[PDB]
Structures are given as C-alpha cells and as structure tokens.
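Q: For reference, the structure I am asking about is given below.
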Amino acid sequence: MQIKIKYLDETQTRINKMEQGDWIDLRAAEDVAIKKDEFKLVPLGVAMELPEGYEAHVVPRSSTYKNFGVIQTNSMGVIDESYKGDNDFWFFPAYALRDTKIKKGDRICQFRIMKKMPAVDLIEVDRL
Amino acid sequence: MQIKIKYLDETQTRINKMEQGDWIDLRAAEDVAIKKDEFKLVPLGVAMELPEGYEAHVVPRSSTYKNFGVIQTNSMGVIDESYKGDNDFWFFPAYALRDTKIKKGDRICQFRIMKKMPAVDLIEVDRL
Amino acid sequence: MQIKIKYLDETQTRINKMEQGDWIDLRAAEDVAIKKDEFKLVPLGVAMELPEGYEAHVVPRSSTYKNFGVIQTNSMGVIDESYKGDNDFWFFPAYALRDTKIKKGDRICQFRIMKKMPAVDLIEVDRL
C-alpha cells in the first residue's frame with residue numbers, strides 16, 4: 011500500500027521516514043510568526059495522493075503546545091482521498107495562545123491514515 | 011449500513027444523500043449568538059440510532075474556525091450506539107474566541123462512524 | 011486482548027475500565043489548581059503496555075469543559091505501543107479557560123485503543 015507524495019520545494023524535509031505504523035510527523039514549510047490570539051494557516055509543504063478508500067487524520071504532536079503555544083483550531087484535520095491535486099498542499103490551522111515563532115522544519119503536527127467509514131443510509135423515522 | 015435518523019422538526023435540513031465514505035456534515039438547528047470567550051451548546055437537530063457495535067466521532071469542519079471563530083471544547087465528540095433514545099439529540103460544544111453568530115442551517119461540524127473498541131482485559135501489575 | 015496497567019501509587023482509583031466497547035475514563039492522580047488562561051499537565055497516574063500493533067487515543071470526556079473549564083491542548087493524545095516503560099505515565103494537557111480546581115480521582119478524560127495504521131510506502135513524485 012503506497013502513498014505518492016509531492017514536496018513544495020527541494021528544501022522540505024522528506025518525511026519518507028515511515029512505514030512501520032507510527033504516526034508520521036509533519037513540519038512547517040517556512041518561518042511563521044503568530045501573535046497572541048491570532049490565527050494562522052501554517053504550510054506543511056506536502057501534498058499527497060492517499061490510497062483509494064482511505065483518509066488521513068492530522069493532530070498536533072503532544073509537545074506542540076509546550077513548544078509553540080498553539081492549538082489546532084479544527085481539533086483533528088481530515089484529508090480525504092480526493093484531496094490529491096497537484097496544488098492540494100496541507101496546512102496546520104493554528105491559533106496562538108501566546109506570541110510565538112515557528113521555525114522552518116519544526117515538527118508541529120502528525121498524521122496517520124485509516125479506512126474511510128462504510129457507506130451508510132440515513133433513513134428518517136418519526137420516533138426513535 | 012442503515013442508520014435511523016430523527017429530526018427535531020420539518021425545518022431541519024435532511025442529510026440523506028448518496029454516501030460513499032466521506033465524513034457527513036451536520037448543521038446548527040437554530041440561530042446561535044456567542045459572545046467573545048463564552049460557551050454555547052449548538053444543537054444540531056438530529057438524533058440517530060447507530061449500527062450495533064459502532065460509535066460516531068464528531069469534529070469541526072476545517073473552515074469552521076475561519077468562518078465562525080469557535081473551537082469544539084471536547085476536541086472530538088464520541089457518540090455511543092447506546093445514545094439512541096427519542097430525545098438523544100446531538101450538540102456541538104462551541105467556545106467562541108470572538109463575538110460570533112452561527113445561522114440556522116449552517117454546516118458547523120462533521121461526523122463518521124467507526125467500529126467500537128475490541129474486547130480487552132485490564133491486568134494490574136506492579137511493574138512493566 | 012490484554013492491557014497491562016501500572017498505577018502511580020496505591021491511592022489511585024483503579025480505572026473501572028469496564029463495559030466491552032465503551033471508551034475508558036481516566037482520572038487526575040492528584041489535586042490540581044489552574045488559573046484562567048494558564049496551562050497544566052494533569053497526571054493521570056497510569057502507565058500501560060498496550061497490545062502489540064495497537065495505539066491509544068485520549069480525548070476529554072463530554073462533560074469535562076462543563077465540569078472543569080479546560081480544553082486538551084493537543085486535541086487528541088496518541089499513546090503508541092512502544093510507550094510501555096515503567097515510568098511512561100499518562101498526562102492530560104490542560105489549558106483552563108477559567109479558574110478551576112481538579113480533585114484527585116476526578117474523571118477528566120477517556121481513551122480507547124485502535125490498530126495502528128497499516129505499513130505504507132511513501133513514494134516521492136514531482137506531480138500529482
């Protein structure tokens with residue numbers, strides 16, 4: 011089972027480090043300064059074509075808050091298999107709880123893939 | 011897989027359509043005004059009987075903070091198969107980082123189902 | 011399957027982690043006071059050896075915000091199978107949105123296990 015991955019540029023850290031099972035770390039694609047109580051979409055510099063029928067889950071690393079003072083506004087990001095365009099680059103939605111500077115190459119979040127949910131039928135009933 | 015769904019009333023937007031595995035969007039059941047740094051349980055106007063052995067996870071949509079300035083206080087909501095009563099409606103626990111307003115019918119979060127955790131035994135030990 | 015659990019000390023409340031399928035509640039290992047807009051890693055007083063090939067996910071309980079006014083800064087904690095050391099204790103990263111006090115034994119979060127992602131091959135490309 012493979013994942014085709016495209017990098018924003020030749021300087022981005024190749025996350026080619028994985029296929030053992032652990033969540034894979036993602037890094038800021040450049041320097042980012044976020045002021046307290048400000049929102050900023052941090053470029054992760056990667057675009058992927060996930061396996062058919064799969065999706066990716068993105069959450070911050072356990073040390074992201076302590077290190078950068080940010081939280082992921084959407085709690086857990088979901089990247090569907092259809093998000094495989096040549097320009098579909100990933101971003102980490104960050105809300106700064108304190109002035110913070112994120113350096114290019116800094117690990118800020120992580121992800122893993124999972125099979126999408128089975129097809130369902132939402133049938134309306136008047137009483138439950 | 012069949013999921014029985016009950017709606018709060020006829021004005022709630024029905025969400026049955028051709029599904030194929032993507033997360034499903036839920037919507038505010040009514041207008042909701044939230045002041046800066048205050049909390050509000052946003053009703054989603056739906057109650058469901060999930061498949062036996064399954065549970066649902068609920069997270070904000072990726073554009074939820076950008077549009078409404080709120081985060082989900084519980085990070086990811088977990089709805090168990092047992093939460094299937096006639097009055098077990100779903101809610102999105104919103105905390106606003108600014109004065110905001112979610113309009114009736116606005117897509118505000120999304121969900122998917124997943125098989126519940128397997129049978130496991132907990133064996134207490136003094137050392138690992 | 012079996013999960014080996016170690017408790018910090020003899021005064022910790024044994025998780026009543028019971029009910030096939032249900033997420034399991036974790037408790038504060040000691041009293042903790044957190045001032046509004048401040049952080050605090052709340053020890054849960056447990057360390058576990060998860061089944062091989064599995065990982066744990068931890069999120070706030072539905073009533074955590076209402077009860078203690080805190081959010082989990084890393085959104086969802088991810089405990090890998092390898093984090094099974096004798097001093098590999100669990101913590102709940104809490105950011106208080108108001109003055110709060112958590113009592114030893116108070117249930118503040120919950121967890122479940124899940125199979126880790128299948129091993130994947132990341133193939134770098136130049137176009138998607």
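Protein chains in written order, with the working numbering: chain A, 11 to 138; chain B, 11 to 138; chain C, 11 to 138.
No residue lacks a Cβ here, since even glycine has one placed at the ideal position from N, Cα and C.
Taking only beta carbons into account, state which residues of the stretch 109-138 of chain C come closer than 8 Å to chain A, listed in chain order.
A: Answer in chain order: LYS126, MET127, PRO128, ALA129, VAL130, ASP131, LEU132, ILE133, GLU134, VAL135, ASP136, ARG137, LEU138.
Q: Select from A:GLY63, A:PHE78, A:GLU59 the residue whose C-alpha is nearest the C-alpha of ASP96 of chain A.
A: It is A:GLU59 whose Cα lies nearest to the Cα of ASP96 of chain A.
Q: So which residues of chain C does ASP96 of chain A contact, with C-beta pairs closer than 8 Å?
A: By Cβ distance, chain C contributes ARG137, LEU138.
Q: Are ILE15 of chain B and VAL56 of chain B closer than 7 Å when you measure CB to CB?
A: Going by C-beta atoms, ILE15 of chain B is nearer than 7 Å to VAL56 of chain B.
Q: Select from the stretch 66-77 of chain C all residues with a C-beta closer than 7 Å to any C-beta belonging to chain B, and list them in chain order.
A: So the list reads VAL69, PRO70, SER72, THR74, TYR75, given in the order they occur along the chain.
Q: What is the residue span of the alpha helix (DSSP H) that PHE99 of chain A lies within?
A: Here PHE99 of chain A belongs to no alpha helix (DSSP H), and DSSP marks it neither H nor E.
Q: Would you check if the distance between the CB atom of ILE118 of chain C and the CB atom of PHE102 of chain C is smaller than 7 Å?
A: Contact flag set, yes.
Q: Would you call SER85 of chain A buried or exposed, if buried means 16 or more other Cβ atoms sit within 10 Å of its Cβ?
A: By the 10 Å Cβ count, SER85 of chain A comes out buried.
Q: When we look at the beta-carbon of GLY87 of chain B and count the other beta-carbons within 10 Å, is it buried (16 or more) or exposed?
A: Under this definition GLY87 of chain B is a buried residue.
Q: Output the distance between the C-alpha atoms of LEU54 of chain A and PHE121 of chain A, rounded to the nearest integer angstrom.
A: Looking at the two C-alpha atoms, the distance is approximately 12 Å.
Q: Spell out whether any CB of chain A is found under 7 Å from the CB atom of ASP32 of chain B.
A: Yes, contact with chain A.
Q: Return the CA-CA distance between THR21 of chain C and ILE81 of chain B, expressed in angstroms with no decimal places.
A: Going by the C-alpha atoms only, they are around 35 Å apart.
Q: If we ignore side chains and look at the alpha-carbon of each, how far apart do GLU134 of chain C and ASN26 of chain A end up?
A: If I take the Cα positions, the gap works out to 8 Å.
Q: Between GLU29 of chain B and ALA38 of chain A, is the Cβ-Cβ spacing less than 7 Å?
A: Contact flag unset, no.
Q: Do we get a CB-CB distance below 7 Å when we pair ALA106 of chain B with the residues of chain A?
A: It does not: the Cβ of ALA106 of chain B has no partner Cβ on chain A nearer than 7 Å.
Q: Exposed or buried, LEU107 of chain A, counting other C-beta atoms within 10 Å across all chains shown (16 or more means buried)?
A: Its Cβ being crowded by 16 or more others within 10 Å, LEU107 of chain A is buried.
Q: Which same chain residues end up closer than 6 Å to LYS111 of chain A when comparing Cβ atoms and leaving out the 5 residues on each side of it in sequence?
A: Same-chain partners within the cutoff: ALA43.
Q: So which of A:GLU65, A:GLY79, A:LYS50 has the shortest CA-CA distance to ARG71 of chain A?
A: Closest by alpha carbon: A:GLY79.
Q: List the whole-angstrom C-beta distance separating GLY63 of chain A from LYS126 of chain A, where the pair is believed to meet the contact cut-off of C-beta under 8 Å.
A: Yes, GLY63 of chain A and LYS126 of chain A are in contact; Cβ-Cβ is about 6 Å, under 8 Å.
Q: Quick check: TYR75 of chain C and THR83 of chain B, are their CB atoms within less than 7 Å of each other?
A: Their beta carbons are under 7 Å apart, which means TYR75 of chain C touches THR83 of chain B by this criterion.
Q: By alpha-carbon positions, which one of A:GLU40, A:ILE123, A:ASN77, A:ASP41 ends up nearest to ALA66 of chain A?
A: Nearest option by C-alpha distance: A:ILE123.
Q: Alpha carbon to alpha carbon, how far is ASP47 of chain C from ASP90 of chain C? Give it in angstroms, no decimals.
A: Each residue's Cα considered, the two are about 30 Å apart.
Q: Tell me the DSSP secondary structure of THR23 of chain A in three-state form.
A: Correct three-state label for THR23 of chain A: coil.
Q: Where does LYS50 of chain B land, buried or exposed, given buried means 16+ other C-beta within 10 angstroms?
A: It is buried - the Cβ of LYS50 of chain B has at least 16 other Cβ atoms within 10 Å.
Q: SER92 of chain B CB to nearest chain A CB: under 7 Å?
A: No, no contact with chain A.
Q: Just checking: is the beta-carbon of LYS46 of chain A within a distance shorter than 7 Å of some beta-carbon in chain C?
A: Output row for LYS46 of chain A: interface = no.
Q: Can you tell me whether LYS76 of chain A is helix, strand or coil according to DSSP?
A: Of the three classes helix, strand and coil, the one that applies to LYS76 of chain A here is helix, per DSSP.
Q: Along chain B, in chain order, which residues have C-beta atoms closer than 9 Å to that of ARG37 of chain C?
A: Within 9 Å Cβ-Cβ: nothing; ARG37 of chain C doesn't reach chain B, min ~14 Å.
Q: Determine the direct distance from the alpha carbon of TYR17 of chain B to that of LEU132 of chain A, and round the result to whole angstroms.
A: Roughly 11 Å between the two C-alpha positions.
Q: Would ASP116 of chain B and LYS45 of chain B qualify as a contact pair, given that the criterion is a beta-carbon distance under 7 Å?
A: Their beta carbons are not under 7 Å apart, which means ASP116 of chain B does not touch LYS45 of chain B by this criterion.
Q: Just to confirm, are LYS94 of chain C and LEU138 of chain B a CB contact at a threshold of 7 Å?
A: Cβ atoms of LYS94 of chain C and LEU138 of chain B: closer than 7 Å.
Q: Find the residues of chain C that neighbour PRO61 of chain B, judging by a C-beta separation of less than 8 Å, and give them in chain order.
A: The contacting residues do not exist; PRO61 of chain B stays about 12 Å from chain C at best.
Q: Sorted by chain position, which residues of the same chain lie with C-beta nearer than 7 Å to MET11 of chain A's C-beta, five sequence neighbours on each side aside?
A: Excluding residues within five positions, the ones whose Cβ falls inside 7 Å are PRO61.
Q: Locate the beta strand (DSSP E) running through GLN120 of chain A, then write down its first and last residues.
A: 117-125 is the span of the beta strand (DSSP E), which, as asked, contains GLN120 of chain A.
Q: Return the bridge partner residues of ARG37 of chain C from the DSSP annotation.
A: The partner list for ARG37 of chain C (beta bridge, DSSP) reads C:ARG117.
Q: Using the three-state DSSP reduction, which class does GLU91 of chain B fall into: helix, strand or coil?
A: Coil at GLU91 of chain B, not helix or strand.
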